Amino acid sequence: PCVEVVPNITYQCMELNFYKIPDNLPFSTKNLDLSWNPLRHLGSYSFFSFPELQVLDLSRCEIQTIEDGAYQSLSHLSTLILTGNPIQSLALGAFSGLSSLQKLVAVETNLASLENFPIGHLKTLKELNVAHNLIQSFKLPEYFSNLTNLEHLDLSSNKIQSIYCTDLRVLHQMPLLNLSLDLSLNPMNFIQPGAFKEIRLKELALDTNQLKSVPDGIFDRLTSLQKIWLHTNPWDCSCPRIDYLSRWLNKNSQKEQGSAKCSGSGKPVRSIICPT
């Protein structure tokens, strides 16, 4: 037994030195916290005895691998947290059976590429958090065209250096309703002209990166955009290089959260007026 938070519903099994999933818990359990347990590896049907699971926290469980069908029976699960696991191998069917998964948190799991991240069948997914990883390319794999319900994608604190036009290809031909994209805290110093064309976005975070400039009209092909973060970037406010951005930011002051500032002087980019 773990700490019973709610009878036959919620149990807290964090740090009890478990190496296997507990079998002495109600089959009606909805919430399970198994964080901080040397689980090391997950085999097929690891949670067969918990068909009612909706939220599963497995962060910091020293997990290295996950075999096909590890969560095969959990068809009611909507939140899976894998934060802090030194994952090194991820089978193709590792997330098989998660037909209701809405939130996947894979922060700090040594993720190096989205291509090999076997999540292309989680059509019900609404939130994907892969912040604090080793991803160095923002090129979205073709399977993203099946994630029609995605409204939040967090790629902050990774190794992304730039955003090419091709990177959002998949979203061009299979647009989402209200997508919020977080790309802050990346060593990003380049955005290719027309990389956000035909793209629909509700939020775009690009603060605390390495940007000095952006292509002209980069944000013209957008209207659903509501919030944007550009602060904490070494903006080059010489003219006419800063012309488009300074004007855009001034004609959209409500959208910008925080304040993009000019390197050196510290003057708001939206306050600069370039000569004609």
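Don't overthink the numbering: it's just position in the shown sequence, from 1.
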Between the two ranges 256 to 264 and 18 to 26, the one averaging a larger CA B factor in the entry: 18 to 26
Stretch with the greater mean C-alpha B-factor as recorded in the entry, comparing 106 to 114 against 191 to 199: 191 to 199
Selection by C-alpha B-factor (highest) of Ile135, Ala205, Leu92, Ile163: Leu92
Member of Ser213, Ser238, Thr232, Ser224 with the greatest C-alpha B factor (per the PDB record): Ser224
Chain third (lowest, middle, highest) by recorded CA B-factor, residue given as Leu171: highest
CA B-factor placement of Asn178, once the chain's modelled residues are sorted into thirds: highest
Ranked C-alpha temperature factor of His76 among modelled chain residues, by third: highest
Chain thirds of CA B-factor: placement of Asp220: highest
Third of the chain's Cα B-factor distribution that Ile273 belongs to, per the entry: middle
